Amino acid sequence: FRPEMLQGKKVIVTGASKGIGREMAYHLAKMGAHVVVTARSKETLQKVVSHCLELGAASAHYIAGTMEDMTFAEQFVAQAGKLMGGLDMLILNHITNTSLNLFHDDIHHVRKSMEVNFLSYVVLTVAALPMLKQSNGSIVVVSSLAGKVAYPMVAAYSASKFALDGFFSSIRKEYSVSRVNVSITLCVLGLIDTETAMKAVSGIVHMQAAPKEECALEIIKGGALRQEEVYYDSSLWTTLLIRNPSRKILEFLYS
């Protein structure tokens, strides 16, 4: 990895107002990328754009809205496009707000989780592809342990996250033979410093929490190296245990 890599670079970061998303903003701004950030929360985004500008961003812009809204999602990429001079890398990071609870019958939240953490990711990917094909760019899709392994209390979430792996890991095999030179990186994250995670695991989880500023960069690094996947967790056993190598082989044979 060379940060010279992101020198003149055009990067969208969704879910960019707080947490791991913001920090990418800032890393991307330090590396003097161009950045367009998004979330629902307008007044927060003003604050990160201007922080990005301070930090050395080649340029920085926000566009606020909600990714339950597919036409906003599709419209978001075209404008993001036009603000910078095209697009080099698209980092899908946002998620519908969630917390730990047993699942009872909340079917609105299963649906919302599916639409916002999954479907919006497809809608943004479809819209963003022309520009990415022109730069041989990159999709970075942020997932989690619970999108690789099953965990109780995060059923909906987990379902949207498995979906992310399924859909994109499949798109990527398609791209490969389609001479579609857009890379696709799946980030698998354990617990991270962020305010909203720390508050959500409120004594429910006794798992060491990883620095958010560092995870942020790991995500960029990975996507910039066109890596199929990024694992990022504090525990040692997890990083070892989380990899599925028989998936890799099994895929070759079936290939």
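By rigid core we mean the largest C-alpha set that fits within 1.5 Å across both forms. In this text, residue numbers run from 1 along the sequence as written.
K.L.:
If you line up the core and then measure how far each C-alpha sits from this form in 6 other deposited structures of this protein, which stretch comes out higher, 226 to 234 or 61 to 69?
P.N.:
Checking 226 to 234 against 61 to 69 in 6 other deposited structures of this protein, I find the farther stretch is 226 to 234.
K.L.:
Do a third or more of the other compared PDB entries fail to give coordinates for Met207?
P.N.:
Comparison shows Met207 dropped in at least a third of the other entries.
K.L.:
Pick between 154 to 162 and 174 to 182: the one whose mean CA B-factor in the entry is higher.
P.N.:
Higher mean C-alpha B-factor in the PDB entry: 174 to 182.
K.L.:
If you average the Cα B factors in the entry, which is higher, 195 to 203 or 66 to 74?
P.N.:
Higher mean C-alpha B-factor in the PDB entry: 195 to 203.
K.L.:
Based on what the PDB entry reports, which of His104, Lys148, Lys112, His94 has the top C-alpha B-factor?
P.N.:
Comparing C-alpha B-factors across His104, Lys148, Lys112, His94, the top value belongs to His104.
K.L.:
Comparing against every modelled residue in the chain, figure out the third that the C-alpha B-factor of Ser144 lands in (lowest, middle or highest).
P.N.:
For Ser144, whose C-alpha B-factor we compare with every modelled residue in the chain, the answer is the lowest third.
K.L.:
Would you mind checking where the Cα B-factor of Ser234 ranks among the modelled residues of its chain, as the lowest, middle or highest third?
P.N.:
Top third by C-alpha B-factor.
K.L.:
Pull the Cα B-factor of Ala210 out of the PDB entry and bin it into the chain's lowest, middle or highest third.
P.N.:
It belongs to the highest third of the chain when residues are ordered by C-alpha B-factor.
K.L.:
By the record's CA B-factor, is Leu90 among the lowest, middle or highest third of residues in the chain?
P.N.:
Bottom third by C-alpha B-factor.
K.L.:
Hey, what third does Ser59 fall into on Cα B-factor, ranked over its chain?
P.N.:
It belongs to the lowest third of the chain when residues are ordered by C-alpha B-factor.
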